[PDB]
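Heads up, the chain below is alone and in the form deposited in one PDB entry; it's given as structure tokens.
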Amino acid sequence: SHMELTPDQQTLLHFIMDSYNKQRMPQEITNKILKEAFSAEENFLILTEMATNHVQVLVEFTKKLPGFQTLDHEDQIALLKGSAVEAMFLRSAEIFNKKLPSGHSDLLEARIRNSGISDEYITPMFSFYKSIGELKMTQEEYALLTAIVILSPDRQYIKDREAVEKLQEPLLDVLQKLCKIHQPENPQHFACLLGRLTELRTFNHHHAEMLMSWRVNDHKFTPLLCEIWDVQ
């Protein structure tokens, strides 16, 4: 015997990785944080521009998820709308923790704190980012956790939850096996990853409150954001 994924699991992981790694110009966000104007308007513009590009990326990643096309079309839209917020926060946590130039963390925080976001929501946002950082996550972990977040059968209303469970279970199984292969000295690693998914769910309520605040302060969103975030 051995500790390896079976050939079908290696294949499934390969297409999740090929899809996840499809990132046009990853230096762009890094340079925007470092070089753009430091105004409340520019900071908000980075967020809507990055969040819009991310939704496009998320739909392309989602539609290629193993078995996603076997799903009822209303449940497909509900999974995408129900997971968009968590996926954005998980993706932000990934970029936050990447090897970035000196001062990037300080400049990014200076921007987040000048984006019309209340202090009440910045605290759990930074706490989550730091907890993600402590786990020292691989690209495989970020890609699989994102797929698991999208294919969640227990968050929002879904007509056929069993159909969604059946697509999520092999992803959870590939992820647990990768923790046994890549972190064998830490048997509680998988449970820590699942702990982070529990923490991710708190951002649904946080984001709903941030959106209400932005709308009150006459903030504009792109048609694609208005649709996925259900803005009126």
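Quick note: we count residues from 1 along the sequence shown, nothing fancier. Just so we're on the same page, rigid core means the largest C-alpha set that superposes within 1.5 Å between forms.
Per the PDB record, of the two stretches 15-23 and 205-213, 15-23 carries the greater mean B-factor over its C-alpha atoms. The mean C-alpha temperature factor is higher for 114-122 when 114-122 and 139-147 are set side by side. Across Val164, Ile29, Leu58, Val174, the entry's maximum B-factor at the CA atom is seen for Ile29.
When the C-alpha B-factors of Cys179, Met50, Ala191, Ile33 are read from the PDB record, the largest value belongs to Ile33. Ranked against the other modelled residues of its chain, the C-alpha B-factor of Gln168 as given in the entry falls in the lowest third. Sort the modelled residues of the chain by CA B factor and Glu94 lands in the lowest third.
Residue-level temperature factors show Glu86 in the lowest third of its chain, judged at the C-alpha atom. In the PDB entry, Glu134 places in the highest third of its chain by CA B-factor.
In the PDB entry, a CA B factor belonging to the middle third of its chain's modelled residues is recorded for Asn43.
This next part talks about the form deposited in another entry, which is not shown.
Superposing the two forms on their core leaves just one of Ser152, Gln76, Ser115, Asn97 with a Cα displacement of at least 2 Å between this form and the one not shown, namely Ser115. The Cα position of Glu134 differs by less than 2 Å between this form and the one not shown after fitting on the rigid core. Taking 2 Å as the criterion, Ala37 counts as shifted between this form and the one not shown: its C-alpha moves by at least this amount when the rigid core is aligned.
Once you line up the core between this form and the one not shown, the Cα of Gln10 stays within less than 2 Å of where it was. Relative to the shown form, the Cα atoms of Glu86 and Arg24 move together by 3 Å or more in that other deposited form. Whereas the displayed form keeps them at a certain spacing, the CA atoms of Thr52 and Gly103 lie at least 3 angstroms farther apart in that other deposited form.
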